[PDB]
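K.L.:
My questions will all concern the structure given below.
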Amino acid sequence: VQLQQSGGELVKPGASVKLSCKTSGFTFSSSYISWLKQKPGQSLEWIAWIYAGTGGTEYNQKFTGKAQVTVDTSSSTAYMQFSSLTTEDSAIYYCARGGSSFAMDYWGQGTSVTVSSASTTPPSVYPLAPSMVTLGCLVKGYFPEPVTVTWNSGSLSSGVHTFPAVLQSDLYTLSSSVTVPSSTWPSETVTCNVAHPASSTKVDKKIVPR
Amino acid sequence: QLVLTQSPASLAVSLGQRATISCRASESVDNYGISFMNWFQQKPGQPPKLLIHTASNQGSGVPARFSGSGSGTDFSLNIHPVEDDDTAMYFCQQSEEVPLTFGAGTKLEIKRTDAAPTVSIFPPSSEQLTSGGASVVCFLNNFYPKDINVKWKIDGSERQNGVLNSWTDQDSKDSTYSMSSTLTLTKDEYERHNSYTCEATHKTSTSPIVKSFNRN
């Protein structure tokens, strides 16, 4: 059983997104498909469901107007069109198999919609240099999420902490630390690898002693 | 709209012991001698996963350590024994009446022994200063329990504005938390002072845990 959701989206306020949910592994005609919203660190809000065999829908009044749910029975795909988007609709959207009395037993991977006026902005990357030694990387001033950080091209994995990004002044900042034996650095290279797909940026910062 | 009240907001349970989460629906979710109460487990960045449906029935591939109970308006999730993989958000969810509604969710964490944070302080890099800004960074890594407060001091005087904190969730390997605290200033203010101090209060010590550097 699988529900494959469409890729994340960055749209401006007042826009509309069409989210899709391609399913397989169960009789589509016979099941309910629900759409849900979840903001970071919050609980889930059920938006709507559609019964795929009839195409009939039930909507949560808290969103009615904004959501329109349909299915294309030929391709086992459910859709949600979500309109009059505001910044407060920035969230992860889920489709799930379930609805009515039926528990939601299979879930999509989530589609991350970001609704913002802010422009795509690439990150500035700064080295954090100082027995175990802690090194670090500061990634500042970018938009939208995500940036990813690896050390030594992903081969340096133990002792790594990559912290969730925080939004200030409409730009994100995150940091990552790595702790290595002091015999191993600077004798051996430690490098921060930062990637920001939205701006097509890759940055490698070698950490060298101050 | 049905309101589901979960409790507690978070709990910490030792490996091998019993976790109990409660859900109080403002209203009966019974219909047809069936209680329409569901329980979900969600790990970070993953979709929810159904644990218990119709109050007391296992989800597919859900072991019997997870068990739901209850009728009417009172429901319980029991996890016995708790295993390392069980750190997650737990939500109850009612499918008796439209709109479907979730509880606000309970965070389950693994209780381990105390661990003082390893504190590291970094002055702004010379690269950052060429842009006119200055971030002082403090990492407080691998501590338990999660509760912690960080204070910044500049030449001994506390500075509250311009401080950004971020935390990790419980590490699935050693069950600790980590925290990043960033104090940002202008280059000019940064270079007018000498002593920068990252100060943490944690159960590990009655006294603040202090790390500093002199811009010297």
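Following the order of the structure tokens, first chain is A, next is B, and so on, with residues numbered from 1 inside each chain and ligands from 1 in the order they appear.
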Give the residues of chain A that lie within 7 Å of chain B; count only C-alpha atoms, and format the answer as a list in words.
P.N.:
residues 43, 44, 45, 46, 60, 100, 101, 103, 104, 105, 107, 108, 109, 110, 126, 127, 128, 129, 130, 134, 163 and 164 of chain A
K.L.:
Which residues in region 56-177 of chain B does DSSP call alpha helix (DSSP H)? List them as a PyMOL selection string.
P.N.:
chain B and resi 126-129
K.L.:
Contacts of region 189-206 of chain A at 10 Å or less, counting only C-alpha atoms, minus same-chain residues fewer than 4 places along, as a PyMOL selection string?
P.N.:
chain A and resi 10+120-129+135-139+142-154+156+176-178+180+184-185
K.L.:
Near residue 4 (chain B), counting only C-alpha atoms, which residues have an atom at most 7 Å away, once you skip same-chain residues fewer than 2 positions from it, shown as a PyMOL selection string?
P.N.:
chain B and resi 2+6+23-26+102-103
K.L.:
Write a file of the just-selected residues containing N, CA and C atoms, as a PDB file, in the first residue's frame.
P.N.:
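Dumped to out.pdb:
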```pdb
ATOM      1  N   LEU B   2     -16.026  18.205  18.300  1.00  0.00           N
ATOM      2  CA  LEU B   2     -15.550  17.412  19.423  1.00  0.00           C
ATOM      3  C   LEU B   2     -14.143  17.839  19.825  1.00  0.00           C
ATOM      4  N   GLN B   6      -5.956  15.410  25.984  1.00  0.00           N
ATOM      5  CA  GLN B   6      -4.916  14.429  26.223  1.00  0.00           C
ATOM      6  C   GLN B   6      -4.132  14.819  27.458  1.00  0.00           C
ATOM      7  N   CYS B  23      -6.916  10.037  27.159  1.00  0.00           N
ATOM      8  CA  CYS B  23      -7.634  10.907  26.241  1.00  0.00           C
ATOM      9  C   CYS B  23      -9.052  11.060  26.752  1.00  0.00           C
ATOM     10  N   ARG B  24      -9.469  12.301  26.986  1.00  0.00           N
ATOM     11  CA  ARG B  24     -10.821  12.603  27.435  1.00  0.00           C
ATOM     12  C   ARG B  24     -11.535  13.361  26.331  1.00  0.00           C
ATOM     13  N   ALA B  25     -12.501  12.706  25.704  1.00  0.00           N
ATOM     14  CA  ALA B  25     -13.355  13.372  24.738  1.00  0.00           C
ATOM     15  C   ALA B  25     -14.418  14.172  25.471  1.00  0.00           C
ATOM     16  N   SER B  26     -14.640  15.405  25.018  1.00  0.00           N
ATOM     17  CA  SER B  26     -15.696  16.221  25.601  1.00  0.00           C
ATOM     18  C   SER B  26     -17.036  15.519  25.443  1.00  0.00           C
ATOM     19  N   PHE B 102      -8.323  15.600  16.467  1.00  0.00           N
ATOM     20  CA  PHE B 102      -7.187  14.999  17.145  1.00  0.00           C
ATOM     21  C   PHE B 102      -7.030  15.640  18.514  1.00  0.00           C
ATOM     22  N   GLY B 103      -6.520  14.873  19.469  1.00  0.00           N
ATOM     23  CA  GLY B 103      -5.989  15.493  20.671  1.00  0.00           C
ATOM     24  C   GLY B 103      -4.749  16.309  20.342  1.00  0.00           C
TER      25      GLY B 103
END
```
K.L.:
Can you tell me, as a list in words, what residues are no more than 6 Å from region 150-157 of chain B when counting only C-alpha atoms, ignoring any on the same chain fewer than 4 positions away?
P.N.:
residues 195, 196, 197, 198, 199 and 200 of chain B
K.L.:
Quick one: distance from CA of residue 70 (chain B) to CA of residue 83 (chain B) in Å, one decimal?
P.N.:
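Spanning CA of residue 70 (chain B) to CA of residue 83 (chain B) is a straight-line distance of 23.7 Å.
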K.L.:
So, with only C-alpha atoms as the atoms that count, which of A:116, A:91, A:65, A:169 lies closest to residue 42 (chain A)?
P.N.:
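Under the stated criterion, the closest residue is A:91.
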K.L.:
Please identify the strand (DSSP E) residues within region 6-44 of chain A (assignment by DSSP from backbone atoms) and present them as a list in words.
P.N.:
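Answer for region 6-44 of chain A, restricted to strand (DSSP E): residues 9, 10, 11, 17, 18, 19, 20, 21, 22, 23, 24, 32, 33, 34, 35, 36, 37, 38 and 44 of chain A.
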K.L.:
Report as a PyMOL selection string all protein, DNA and RNA residues lying within 7 Å of residue 133 (chain A), evaluated on only C-alpha atoms, omitting residues in the same chain fewer than 5 positions from it.
P.N.:
chain A and resi 179-182
K.L.:
Residues within 6 Å of residue 111 (chain B), please, as a short mmCIF file (atom, residue, chain, number, x, y, z; two decimals) with N, CA and C atoms, in the first residue's frame. Count only C-alpha atoms; anything in the same chain fewer than 3 positions from it doesn't count.
P.N.:
```
data_model
loop_
_atom_site.label_atom_id
_atom_site.label_comp_id
_atom_site.auth_asym_id
_atom_site.auth_seq_id
_atom_site.Cartn_x
_atom_site.Cartn_y
_atom_site.Cartn_z
N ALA B 12 8.15 11.05 30.70
CA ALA B 12 9.43 10.38 30.52
C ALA B 12 9.31 9.05 31.22
N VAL B 13 9.64 7.97 30.52
CA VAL B 13 9.49 6.62 31.05
C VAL B 13 10.78 5.84 30.81
N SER B 14 11.19 5.06 31.80
CA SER B 14 12.41 4.27 31.71
C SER B 14 12.20 3.05 30.82
#
```
K.L.:
How many Å lie between CA of residue 50 (chain A) and CA of residue 97 (chain A), rounded to one decimal?
P.N.:
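Distance reported for this atom pair: 9.9 Å.
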K.L.:
Just how far from CA of residue 68 (chain A) is CA of residue 102 (chain A), in Å to one decimal?
P.N.:
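Interatomic distance here is 21.2 Å.
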K.L.:
I'd like to know which of A:15, A:48, A:92, A:21 is closest to residue 72 (chain A), using only C-alpha atoms.
P.N.:
A:21
